[PDB]
Amino acid sequence: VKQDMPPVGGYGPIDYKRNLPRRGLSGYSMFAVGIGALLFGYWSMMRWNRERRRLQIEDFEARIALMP
Amino acid sequence: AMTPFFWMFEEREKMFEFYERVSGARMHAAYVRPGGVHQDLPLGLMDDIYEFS
């Protein structure tokens, strides 16, 4: 017998495609969810700032009543 | 672009392993006489090429 290195009856194929998934969101959906979380942060920001101004006015009234 | 240098050099180290097993040199594998290939490839190589592919 002979003992070279042949391929055994043929081998499987190997791909040659530029395999790209291009996944992720679109323009509109990513854009809208970013602006939506932005507006959520704005609303909570507005609420905290106006309640904070209430308390800071109370601090002003403390210094007024303390002064003379 | 520091890193894909290293990545594809890992791939090139695998192919240097194939050159080493075939000839014995790291890089300067002469191995090709005028008039054919000297000292043909050992047994257990083609499936390794397949997995690398």
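Taken in order, these protein sequences are the chains called AM and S2.
5 is the number of the first residue of the first sequence in PDB author numbering; add one for each residue after it.
163 is the number of the first residue of the second sequence in PDB author numbering; add one for each residue after it.
Even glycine gets a Cβ: it sits at the ideal position worked out from N, Cα and C.
Per-residue DSSP class, three states only, for residue i
i: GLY206 (chain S2); result: coil
i: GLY31 (chain AM); result: helix
i: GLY198 (chain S2); result: strand
i: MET71 (chain AM); result: coil
i: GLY40 (chain AM); result: helix
i: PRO11 (chain AM); result: coil
i: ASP19 (chain AM); result: coil
i: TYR193 (chain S2); result: coil
i: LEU24 (chain AM); result: coil
i: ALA163 (chain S2); result: coil
i: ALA66 (chain AM); result: helix
i: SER48 (chain AM); result: helix
Straight-line Cα distance separating residue j from residue i
i: residue 252 (chain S2); j: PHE180 (chain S2); result: The question about residue 252 (chain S2) has no answer, for chain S2 in this structure spans 163 to 215.
i: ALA66 (chain AM); j: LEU59 (chain AM); result: 11 Å
i: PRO204 (chain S2); j: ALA163 (chain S2); result: 38 Å
i: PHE35 (chain AM); j: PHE44 (chain AM); result: 14 Å
i: residue 234 (chain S2); j: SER185 (chain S2); result: This structure gives no information on residue 234 (chain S2), because the portion of chain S2 shown stretches from 163 to 215.
i: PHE64 (chain AM); j: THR165 (chain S2); result: 59 Å
i: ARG54 (chain AM); j: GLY40 (chain AM); result: 22 Å
i: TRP52 (chain AM); j: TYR46 (chain AM); result: 10 Å
i: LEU70 (chain AM); j: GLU62 (chain AM); result: 12 Å
i: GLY31 (chain AM); j: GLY38 (chain AM); result: 11 Å
i: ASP8 (chain AM); j: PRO196 (chain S2); result: 22 Å
i: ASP202 (chain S2); j: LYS176 (chain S2); result: 20 Å
Sequence-distant residues of its chain with Cβ nearer than 8 Å to residue i (five each side left out)
i: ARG188 (chain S2); result: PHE178, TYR181, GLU182
i: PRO11 (chain AM); result: none
i: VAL194 (chain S2); result: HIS200
Residue i beta carbon near the ligand NAD (any heavy atom closer than 7 Å)
i: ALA66 (chain AM); result: What this structure holds is no ligand at all, so the ligand NAD is not there to describe.
Query raised in the report: Does the pairing of the region 201 to 209 of chain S2 with the region 168 to 177 of chain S2 give three or more beta-carbon distances under 8 Å?
Result: no
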